[PDB]
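Structure first, commentary second.
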Amino acid sequence: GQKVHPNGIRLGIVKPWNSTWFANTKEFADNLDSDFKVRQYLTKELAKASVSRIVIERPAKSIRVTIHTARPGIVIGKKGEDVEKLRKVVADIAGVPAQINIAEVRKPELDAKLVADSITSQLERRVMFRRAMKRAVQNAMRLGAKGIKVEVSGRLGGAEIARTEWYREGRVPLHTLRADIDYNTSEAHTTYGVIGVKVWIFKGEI
Amino acid sequence: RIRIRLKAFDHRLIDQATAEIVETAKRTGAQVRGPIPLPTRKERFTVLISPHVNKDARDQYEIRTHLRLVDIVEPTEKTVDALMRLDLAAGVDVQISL
Amino acid sequence: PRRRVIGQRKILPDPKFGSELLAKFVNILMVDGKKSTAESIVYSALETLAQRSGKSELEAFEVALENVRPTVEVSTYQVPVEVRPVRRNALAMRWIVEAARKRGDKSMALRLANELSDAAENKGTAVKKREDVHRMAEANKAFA
Amino acid sequence: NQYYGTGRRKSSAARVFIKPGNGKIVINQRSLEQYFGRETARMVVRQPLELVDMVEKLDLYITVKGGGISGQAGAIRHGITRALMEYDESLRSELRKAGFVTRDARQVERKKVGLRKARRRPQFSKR
Amino acid sequence: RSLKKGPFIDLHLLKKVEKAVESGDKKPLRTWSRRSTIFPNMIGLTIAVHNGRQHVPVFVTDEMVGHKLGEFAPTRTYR
Amino acid sequence: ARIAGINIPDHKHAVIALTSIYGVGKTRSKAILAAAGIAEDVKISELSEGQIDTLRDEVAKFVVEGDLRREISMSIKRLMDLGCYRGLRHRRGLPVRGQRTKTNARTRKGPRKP
Amino acid sequence: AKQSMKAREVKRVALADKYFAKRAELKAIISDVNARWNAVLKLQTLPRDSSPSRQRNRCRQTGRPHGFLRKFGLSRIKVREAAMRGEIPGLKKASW
RNA sequence: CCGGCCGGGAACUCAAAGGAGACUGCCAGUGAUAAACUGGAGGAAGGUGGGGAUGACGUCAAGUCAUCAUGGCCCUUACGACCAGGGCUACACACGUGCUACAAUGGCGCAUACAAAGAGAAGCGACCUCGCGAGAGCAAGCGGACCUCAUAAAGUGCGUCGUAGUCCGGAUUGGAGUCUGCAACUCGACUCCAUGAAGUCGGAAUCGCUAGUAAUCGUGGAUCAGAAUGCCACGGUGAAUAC
C-alpha cells in the first residue's frame with residue numbers, strides 16, 4: 001500500500017477544499033461532524049441524481065451547501081420542491097438557517113466521482129468489468145482528458161481470488177504537483193463482496 | 001481605536017478580504033493604519049497512517065491560521081455604518097471589537 | 001568514499017596561540033560537545049608543561065608530540081604503509097589523549113601534562129604505542 | 001557617520017552599528033568582556049577587525065538577540081563584515097577571502113519520524 | 001497516601017457497620033467495597049471482602065484501622 | 001568523636017561525618033550543625049569537646065541508631081503479622097510498592113537463580 | 001465499534017451534564033477548609049456515571065477509543081481519510 | 001520615576017504578503033568540434049546548495065474481518081445487554097528497545113549569561129500570603145506577536161570534595177504527606193525525612209552516525225481529570241574520520 005491520495009497532495013497547489021469555513025477549536029469538531037451528517041444525508045438522498053461534489057461553507061452562522069451534480073433537473077425537480085425540502089432537512093441537521101445551490105457538472109464523463117459511480121453501478125448490475133472500464137476510458141478520452149486511468153480491484157467476475165486489472169490511456173502524471181488530476185473512488189457491493197473502483201482523470205498541466 | 005482582527009486559513013482569501021475592508025474604510029471614513037500581519041499559527045498533527053501496527057509510517061499535517069490587523073483610527077459614523085453588513089468573505093473570522 | 005572524493009572543513013585556530021594544530025588537539029580531547037572544558041584542560045596542562053620544561057608553550061608541545069608520531073603503520077596480510085602527515089599528527093594526538101585518559105593522576109590537566117612530559121623524554125605510554133606500531137611494521141617489513 | 005550590518009547565525013541576529021572612533025565594543029549595553037568575554041572565543045567578534053586593524057579606528061554599538069553563545073558571536077562577526085561598508089568594496093576583497101561575508105547557513109536539522117533525532121536511527125535487533 | 005480531607009468508606013458499608021455493631025456481631029458481611037478505610041467502630045466484626053471471585057472473611061483487629069479493606073483480601077493466587 | 005553510639009567518624013567535614021549516624025542524612029545533619037551553632041565545613045579534629053557534646057545533645061533529639069533500627073523492624077513486623085498485601089508482599093521477598101515483577105525486580109528479589 | 005459502547009458513551013454524557021456541573025458543586029465548595037460533618041463526602045451516591053472522568057472521547061464517526069484527536073473529534077484514521085478528501089478545512093500535508 | 005518607561009520615530013531586528021536570486025549563466029582546460037567533467041571568478045548560496053513532501057510495474061496468497069465497510073459461515077432467553085468486584089500491573093525465568101549510572105572533562109553549595117518552538121476557557125492561571133517542599137488561599141490578565149504555562153540547562157566565576165564504593169550512584173524499604181479523581185488496597189503521580197543495593201566501563205557478539213551530523217544539554221506538545229525514562233517537535237554547545 002503505497003501511493004498518496006492525489007487530491008490531498010494538491011490541496012494548496014491546484015485543488016480546492018470541499019469545506020471552506022473558518023472555526024476556532026471550540027466548534028471545529030462540531031462543524032466538522034455536522035458536515036459529515038449533511039454529506040452523509042445528502043449523498044444518500046441523491047443517489048440517483050449523479051452527484052459529484054458537495055461543498056460546504058459557513059458564512060456567519062449559516063450553511064451554504066453547493067451540490068456539484070450532473071443532472072441538476074432531477075435535483076431541483078418540477079418547481080423546486082425538492083430543493084426547499086433538502087434545505088429544510090439540512091437546516092434540521094446543521095441547526096443553522098440553510099442555503100443550498102446547484103452547480104451543473106457538464107461533461108459528466110470527465111468527473112471521477114461520476115465515472116467511479118458509473119462503473120460501480122454497472123458492476124452491481126452484473127455486467128463484465130472489462131466493458132465498464134474500457135467504455136469509461138474510451139468515452140472519457142473522447143472529450144478532452146489528457147489522461148485517464150481506471151482501476152477496479154477485488155474478486156472481479158465472482159472469482160475466488162482477487163485481481164486488479166487497471167487500464168489507462170493518455171498521460172496521467174501523478175507525481176507532478178501542478179497536474180490537475182481529478183481522482184475519486186467508489187465501492188461496488190456485489191453479491192460476491194466489495195469491488196473497489198478508483199479513477200484518475202488528468203485534465204491539464206496547471 | 002477600532003481594531004478589526006481577521007483570521008483565515010487561506011492567505012489569498014484573507015488579504016483579499018482585508019484589502020476590501022481597508023479600501024472600504026478609508027474610502028468612506030479616514031485614518032486606517034494598514035494590514036499588519038501578526039504571526040501565522042501553524043498547528044501540526046502527526047497521525048499514524050496505518051490501521052494496525054507500523055508506528056514508523058506517519059503522516060504529518062498542519063493548519064495555518066493567518067491573522068491580519070487593521071486598527072481603524074477615526075470613529076466616523078459613515079465608516080461604522082458602511083463597515084457593517086459588507087464582508088463577502090466565507091472563510092474569514094472578523095473581530096470588530098472597539 | 002565509495003565514489004565521493006571529499007574536501008575538508010577549516011577549523012578555527014586556537015584562541016590563545018593561533019595554532020590549528022593545537023585546535024585539533026582540543027577537538028581530540030573534547031567529549032560531549034563541551035569545548036570550553038577541553039580548552040581549559042589544554043591551557044592548564046600545556047601551561048604547566050611550559051612552566052615545567054621551561055622551553056615555551058607549543059614547542060614543548062611540538063617536541064612532546066614529535067616523539068609520538070608514527071613513521072609507518074600496518075589471506076590476511078598486515079602490510080606496512082607510510083602514514084600521511086595529517087594522519088601522522090592525528091594519530092599522535094589520539095595516542096597522547098588516550099594514554100592521558102589511561103593515567104591515574106588527579107586532574108586531566110595533570111594527567112595530560114604528565115603524559116606530554118613523559119613524552120618529551122619519550123618514556124610514556126604513547127611512545128610505547130608508537131614503538132608497538134613500529135614493531136608491527138618492522139616485523140612485517142617483508143610486504144611492499 | 002553611522003554604518004549598519006545585519007549579521008545572523010543559527011537563530012541569532014546581531015545589529016552592528018559603526019561610528020569612527022576608539023576601539024570599544026558595546027554589546028546590549030554591556031562590554032565585550034562582560035557579555036560573553038568571560039566565555040569561549042570572544043576572538044571571533046574581533047576577527048573582522050584584524051583584517052585591517054581596529055586599534056583606535058571605530059566604536060561599534062552592537063545589539064544581538066536569539067541563539068546561544070557561539071550563535072550570537074558568529075552573528076556579530078557576520079554583522080561587522082556586513083557593516084564594513086564604512087570603507088568601500090576594497091575590504092570585501094580580502095574580507096571575502098577570509099570567508100567572513102559568507103552567511104554560515106548551517107541550521108539544526110529537523111527531527112524526522114521514526115528516528116530518535118535528526119539522523120540517529122534507533123538500534124535494530126537481531127537481523 | 002491520599003486524602004487530606006476525610007478517609008473513605010462507602011455509605012452502604014457505613015450503614016451495615018452501624019447496624020452490625022448495634023445488633024451485635026452475628027454474621028460476616030458481604031462487602032464488595034474494597035475502596036473503604038477501616039474505622040475503629042469496625043473492630044471485632046467479620047467482614048468478608050470480595051477478591052474478584054470469593055468473599056474472604058476478615059476479622060478486624062485493632063491495628064487494621066489505618067488501612068483499606070482490600071489489603072486483607074488478595075486477588076491473585078500465586079503458588 | 002564517639003557520638004550517638006559507637007559511631008566514631010573523623011578527618012572529614014562535620015556535615016558529612018555526621019551522616020555516618022544511622023538516621024541522619026544531609027538535611028538532618030545541616031539541622032544538627034545549625035542547631036548546635038557549628039560551621040558546616042569544620043572537621044572533628046579541630047573541634048572542641050564541649051563542642052562535641054553540644055553535637056551529642058543535638059543528635060539525641062532525633063530517633064537514631066538502635067531506636068530507629070527497631071522502629072523500622074517493628075513497622076515491617078506489624079505489616080507481616082497483619083498479613084496485608086504489603087505484608088505478604090514483604091514476606092515473600094517481592095517488591096512492595098506496586099512495581100514490575102515480570103522483569104526487573106532484582107534489588108528486592110536478588111540475583112537470578114538458575 | 002460495538003453499538004452498545006457508543007450507547008454507553010451517550011449515557012455517560014447525559015448523566016454527566018444532568019447531575020454534575022450542578023452537584024459537582026459539592027466536591028468543589030463543601031470539601032474545603034470551612035468547618036466538619038462527614039456528610040457531603042458521603043453524598044457521592046450520585047450514579048457514578050455523572051462523573052465526567054468516565055467519558056472516553058471516542059471517535060465521532062466510528063466510536064474508536066484509541067487514537068482520538070480532540071481538535072477534529074475523530075480518530076486518526078478518519079482524520080486522514082477526511083483530510084485527504086478535503087472536508088477538513090485548512091488542513092494539508094506538512095513539510096518543513 | 002532609567003525599565004521602550006513615555007512623547008515619538010519608522011531606519012533596524014522582526015512579523016507576513018509580494019518580488020529578485022542559482023540556470024553549468026560567465027571564463028580557462030580536457031572531451032566525438034557532443035554530452036559532460038575538472039578548476040576559476042562573481043555571489044548569501046555552485047553545481048540535484050541543506051532538509052522534507054513526493055515512494056514506478058510488481059514481490060511477500062506480508063499486516064489488519066478489532067477503526068471502518070464487507071461475501072459466506074455461526075450465536076440470536078445467547079457468542080446479545082446492564083451492573084459491582086477482579087484482571088489486563090500476576091513472576092523460578094529468557095529476549096527486545098530505552099533511562100540512570102559506575103564519576104574529578106565530575107559531585108555539591110553560592111552567584112551569573114545566552115534560546116527556539118509550542119499550548120491555553122470544564123483551560124493557562126500572574127502578583128501577594130501561608131507551607132522545608134509537593135502544594136494551599138485570595139485571585140489579576142489572557143481565547144491570546146499583549147497574559148499565563150515559563151526559571152532554559154549544559155556554560156561561566158568562586159569555594160569544597162579528593163580517588164574513597166567515596167560528598168559517585170540512586171535502586172529498595174520504613175515513616176510523614178500534597179494533588180487529581182465517587183474512589184490511589186490490588187493499581188497513580190509528586191514531595192519531605194530516613195535507608196542507601198547492584199554497579200569501578202561491561203564475554204561471545206552487536207548497533208547508529210559523513211556536518212550543525214554523531215555526542216551531549218535542556219524546552220514544548222498530542223493522548224490526558226490524574227498518570228511518560230515512550231512518541232512527535234524545538235532549540236544550546238558541538239566533534240572525529242573517510243587511504
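Chains: A, B, ... in order of the C-alpha cells. Residues: from 1 per chain. Ligands: from 1, in order shown.
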
Check: Could you list, as a PyMOL selection string, every residue of chain G that has an atom within 10 Å of an atom of chain E, counting only C-alpha atoms?
Finding: chain G and resi 31-33+36-39+41-45

Keeping only N, CA, C and O atoms, write those residues as an mmCIF file, in the first residue's frame.
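Below is the file again-v4.cif, written as the result:
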data_model
loop_
_atom_site.group_PDB
_atom_site.id
_atom_site.type_symbol
_atom_site.label_atom_id
_atom_site.label_comp_id
_atom_site.auth_asym_id
_atom_site.auth_seq_id
_atom_site.Cartn_x
_atom_site.Cartn_y
_atom_site.Cartn_z
ATOM 1 N N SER G 31 -16.289 20.273 50.124
ATOM 2 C CA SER G 31 -14.973 19.649 50.531
ATOM 3 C C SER G 31 -13.843 20.723 50.461
ATOM 4 O O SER G 31 -13.313 21.038 49.420
ATOM 5 N N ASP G 32 -13.597 21.340 51.611
ATOM 6 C CA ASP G 32 -12.958 22.660 51.740
ATOM 7 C C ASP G 32 -12.599 22.893 53.236
ATOM 8 O O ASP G 32 -13.045 22.139 54.115
ATOM 9 N N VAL G 33 -11.793 23.915 53.512
ATOM 10 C CA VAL G 33 -11.490 24.337 54.882
ATOM 11 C C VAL G 33 -12.570 25.307 55.339
ATOM 12 O O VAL G 33 -12.392 26.524 55.247
ATOM 13 N N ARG G 36 -15.366 18.919 60.465
ATOM 14 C CA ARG G 36 -16.693 19.195 59.903
ATOM 15 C C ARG G 36 -17.544 17.913 59.931
ATOM 16 O O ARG G 36 -17.131 16.860 60.418
ATOM 17 N N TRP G 37 -18.735 18.022 59.379
ATOM 18 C CA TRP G 37 -19.572 16.874 59.039
ATOM 19 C C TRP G 37 -18.906 15.977 57.957
ATOM 20 O O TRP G 37 -18.217 16.428 57.089
ATOM 21 N N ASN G 38 -19.152 14.688 58.000
ATOM 22 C CA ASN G 38 -18.649 13.704 57.021
ATOM 23 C C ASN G 38 -19.586 13.645 55.784
ATOM 24 O O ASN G 38 -19.433 12.775 54.919
ATOM 25 N N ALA G 39 -20.622 14.503 55.772
ATOM 26 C CA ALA G 39 -21.876 14.264 55.036
ATOM 27 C C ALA G 39 -21.722 14.341 53.522
ATOM 28 O O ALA G 39 -22.140 13.436 52.807
ATOM 29 N N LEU G 41 -19.031 14.170 51.620
ATOM 30 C CA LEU G 41 -18.169 13.120 51.129
ATOM 31 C C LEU G 41 -18.983 11.823 50.965
ATOM 32 O O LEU G 41 -18.657 11.003 50.111
ATOM 33 N N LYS G 42 -20.035 11.647 51.766
ATOM 34 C CA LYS G 42 -20.949 10.527 51.620
ATOM 35 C C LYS G 42 -22.074 10.815 50.669
ATOM 36 O O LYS G 42 -22.772 9.879 50.284
ATOM 37 N N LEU G 43 -22.278 12.071 50.284
ATOM 38 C CA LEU G 43 -23.288 12.402 49.269
ATOM 39 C C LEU G 43 -22.646 12.320 47.870
ATOM 40 O O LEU G 43 -22.687 13.243 47.081
ATOM 41 N N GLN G 44 -21.977 11.197 47.613
ATOM 42 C CA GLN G 44 -21.466 10.788 46.310
ATOM 43 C C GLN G 44 -22.089 9.354 46.080
ATOM 44 O O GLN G 44 -21.518 8.409 45.584
ATOM 45 N N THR G 45 -23.378 9.270 46.385
ATOM 46 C CA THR G 45 -24.301 8.249 45.923
ATOM 47 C C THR G 45 -24.963 8.672 44.598
ATOM 48 O O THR G 45 -25.984 8.109 44.177
#

Next item on the list: Find the residues around range 14-22 of chain F up to 8 Å (only C-alpha atoms (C1' of nucleotides) counted), leave out those fewer than 6 positions away in its own chain, and share them as a list in words.
Entry: residues 4, 7, 29, 30, 33, 40, 41, 42, 43, 44, 64, 65 and 68 of chain F; 167 of chain H

Next item on the list: Find the residues around range 24-39 of chain D up to 9 Å (only C-alpha atoms (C1' of nucleotides) counted), leave out those fewer than 2 positions away in its own chain, and share them as a VMD selection string.
Entry: (chain C and resid 36) or (chain D and resid 21 to 22 41 to 43 45 56 58 to 65 69 73) or (chain H and resid 113 to 114 155 to 157)

Next item on the list: Kindly determine which residues of chain E lie within 12 Å of chain H, considering only C-alpha atoms (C1' of nucleotides), and give the answer as a VMD selection string.
Entry: chain E and resid 1 to 5 7 to 11 30 to 38 49 to 55 66 to 79

Counting only C-alpha atoms, which residues of chain G fall within 6 Å of chain A, and what is the closest atom pair for each with its distance in Å at one decimal, ordered by chain and rising number, as a tab-separated table?
residue	atom	partner	partner_atom	distance
G:72	CA	A:29	CA	4.6
G:73	CA	A:29	CA	5.0
G:84	CA	A:8	CA	4.2
G:86	CA	A:17	CA	4.8
G:87	CA	A:19	CA	5.0
G:89	CA	A:19	CA	5.4
